[PDB]
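Below you will find one chain, with nothing else, as structure tokens; this is the form deposited in one PDB entry, and questions on how it binds or moves follow later.
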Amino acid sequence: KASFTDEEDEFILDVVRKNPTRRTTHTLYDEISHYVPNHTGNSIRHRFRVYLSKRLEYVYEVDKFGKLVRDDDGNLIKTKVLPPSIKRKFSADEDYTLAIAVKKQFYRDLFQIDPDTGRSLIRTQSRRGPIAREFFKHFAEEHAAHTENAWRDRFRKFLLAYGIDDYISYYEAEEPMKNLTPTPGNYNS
């Protein structure tokens, strides 16, 4: 065991500000351990999380390519607005928006009738698919808070698990689906 010096703490803080989107990873801290060998990713993360976070105060803004924003002379831009992290959580709204989209899909499939009006394209369920061609690709485009892969897995692992109708009755009856799924996150010496 080794104590964290003020110098090291300020180094950890600086690194997180220049890599804000990685603030909640483990890998960021494992990399930091390369420069401050007396410590490990685990101790650095914990040190940051529990002790140093109250001192972050600001991070530097990054662009859409994950890179830092630099000006004419190469200076950075401070911000109290954290950028999006690596993973985005699903919201109840999102779950409902997905379930409904799938329900409408199955409705059109089975009845060849428009769910909104009743126009001829010429309820409940307990079927998995098949899922229409490019359904998730287009769902992602229209709702880009998650990628096509994220939406698809959310449908497979959570929606199909909880049940489309069940979730729709639940949401409307008023939140997100949950807990329907070497040990990772252990970057030791």
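Note that residue numbering begins at 1 and tracks the sequence as displayed.
In the record comparison, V62 is modelled in each of the other entries of this protein that model the residues flanking it, with no third of them omitting it. Of the other entries compared for this protein that flank it with modelled residues, all give atoms for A140, so not even a third lack it. Unmodelled residues of the deposited sequence between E174 and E175: 4 to 9.
In terms of unmodelled positions of the deposited sequence, the stretch from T181 to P182 in this entry skips 4 to 9 residues.
Of the two stretches examined, 35 to 43 and 160 to 168, the record assigns the greater average C-alpha temperature factor to 160 to 168. Judged by mean Cα B factor in the deposited record, 138 to 146 ranks above the other of 138 to 146 and 24 to 32.
Within the listed group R154, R128, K67, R49, the record reports its top CA B-factor for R128. Annotation for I77: C-alpha temperature factor in the lowest third relative to the rest of the modelled chain, per the entry. Among all modelled residues in this chain, the alpha-carbon of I122 has a temperature factor (C-alpha) in the highest third. Among the modelled residues of the chain, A101 sits in the lowest third by CA temperature factor in this PDB entry.
Although it is not shown, the form deposited in another entry is what the next lines describe.
For the motion between the shown form and the other one, the hinge, where fit shifts from one rigid part to the other, lands on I86 out of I86, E57, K67, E141. Distance between the C-alpha atoms of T25 and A150: shorter in the other form than here (change of 3 Å or more). Relative to this form, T25 and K89 approach one another in the other form, with their C-alpha atoms ending up at least 3 Å closer.
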